[PDB]
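A single chain comes next, written as structure tokens; it is the form deposited in one PDB entry.
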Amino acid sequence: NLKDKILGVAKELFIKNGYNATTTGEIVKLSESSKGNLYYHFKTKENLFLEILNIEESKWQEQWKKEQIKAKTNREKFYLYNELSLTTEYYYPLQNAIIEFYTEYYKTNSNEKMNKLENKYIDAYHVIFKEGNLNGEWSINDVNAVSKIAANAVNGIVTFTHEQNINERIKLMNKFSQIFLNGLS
């Protein structure tokens, strides 16, 4: 494919290098195409990016729903999601690029995705926490808040520890999950 040949390079480059690091040109080189390509479906550079964030985010959320079955209680689903977050090949491997990007385009008026993609990012925690209320596993009045806090705290543990033994990572994340859930009841 071609449109899905560029994305494959954009993704790989945004991961290896940074957002700025890789530019419209660099893509075309390895992606092997021209300028026009990036016009109809691929408007601006930030467009080709927000696109990938959409894909990747969906791939992850999909993989989660296919694997969330191994977790019988929502308390287990919480633990699992956070753990899985450390090993997926999806979405999380772009957080560094997201930061860079967000701090270099939070000017344009299209912080619309960053607040549209955010809902999908914290939705898994929304469902997990909401369902937990239906199962009496816990009682949280401010779900939306907790969801946001959890998603970001976790994203932090995954992103700012990406420089050490992965079993150490998985250990921490679990001690985290424990402490969090424990502070909820």
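Think of the rigid core as the biggest set of C-alphas that the two forms share within 1.5 Å after superposition. The first residue of the sequence shown is number 1, and the count goes up from there.
According to the record, no deposited residue between residue 73 and residue 74 is left without atomic coordinates.
Between 97-105 and 77-85, the higher mean Cα B-factor belongs to 97-105. Comparing 35-43 with 48-56, the stretch with the higher mean C-alpha B-factor in the PDB entry is 35-43. Of the candidates 161, 23, 174, 167, the one whose C-alpha carries the top B factor in the deposited record is 23.
Looking at the C-alpha B-factors along this chain, the one for residue 148 belongs to the lowest third. When the modelled residues of the chain are ordered by C-alpha B-factor, residue 69 sits in the middle third. Split the chain's modelled residues into thirds by C-alpha temperature factor. Residue 2 is in the highest one. In this PDB entry, the Cα temperature factor of residue 140 sits in the middle third of its chain's modelled residues. Ranked by C-alpha B-factor against the other modelled residues of its chain, residue 28 falls in the highest third.
Just so you know, the form solved in complex with a small molecule exists too; it's not on screen, but the next bit is about it.
Partner proximity in the deposited bound form, defined as non-hydrogen atoms within 4.5 angstroms of the small molecule, places exactly one of 22-30, 35-43, 133-141, 55-63 at the interface: 55-63. Heavy atoms of residue 151 reach within 4.5 Å of the small molecule in the deposited bound form, making it an interface residue. Proximity of residue 89 to the small molecule in the deposited bound form: non-hydrogen atoms within 4.5 Å are present. Within 4.5 Å of some heavy atom of the small molecule in the deposited bound form lies at least one heavy atom of residue 85.
For residue 125, a non-hydrogen atom is located within 4.5 Å of the small molecule in the deposited bound form, even though that partner is not displayed.
Only one candidate in 29, 130, 70, 65 has its Cα displaced by 2 Å or more between the shown form and the other one after core superposition: 29. Taking 2 Å as the criterion, residue 173 does not count as shifted between the shown form and the other one: its C-alpha moves by less than this amount when the rigid core is aligned.
Core-superposed comparison between the shown form and the other one: the C-alpha position of residue 105 differs by no less than 2 Å.
The Cα shift for residue 81 between the shown form and the other one, taken after rigid core superposition, is smaller than 2 angstroms. In the deposited bound form, the Cα-Cα separation between residue 15 and residue 150 grows by 3 Å or more relative to the displayed conformation. Distance between the C-alpha atoms of residue 158 and residue 16: longer by at least 3 Å in the deposited bound form than in the displayed form.
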